[PDB]
């Protein structure tokens, strides 16, 4: 690639697309019941990275990182749908160090690419003020907000060795997402979208 952020993307695009395909395959927008299952999935993942967004060390290198967390937004979307806060059945990952940087990339990048999901949530009359608060674009714009974030990520100046761990972290974050999705939508372990499906 060329930069840390670009290597992260390059090394995780295949798994990202597998997530895209799996999410769409379980029909998150076919019914209120399924959208709620989607929100529970989102709730678990965002709870899992909450401690990373609030990490003292990372907030010193990335100013205002603590305010980027979307866990509260997802929980409010659950409230809008008449659901109480959702709590994962199993123990939640609590990553740290370089691997935690990979999870942060995964979670924040999902904010950049949430435009598609937000459009379809809108079809159900769910918007940034009701039901899809966690999918709404950052006030500064998805792209502008992301580019600023990417600068900070690259500015961590992680060594090639550290990058490897972070990238592995990002891969594990996506992997965890699918594990939670399968449990939430009642799929077998390692279930995937129909083979050959394109994002």
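Residue numbers count along the first chain shown, from 1.
J.: Do the C-alpha atoms of 14 to 22 or of 182 to 190 have the higher average B factor in the entry?
T.: The entry gives the higher C-alpha B-factor average to 182 to 190.
J.: Per the record, averaged over C-alpha atoms, which has the higher B-factor: 140 to 148 or 44 to 52?
T.: Result: 140 to 148.
J.: Maximum C-alpha temperature factor per the entry, among 30, 39, 68, 170, belongs to which one?
T.: By C-alpha B-factor in the record, 68 ranks first.
J.: Of 114, 104, 92, 74, which one's C-alpha B factor is largest in the deposited record?
T.: Of the options given, 92 has the highest CA B-factor in the PDB entry.
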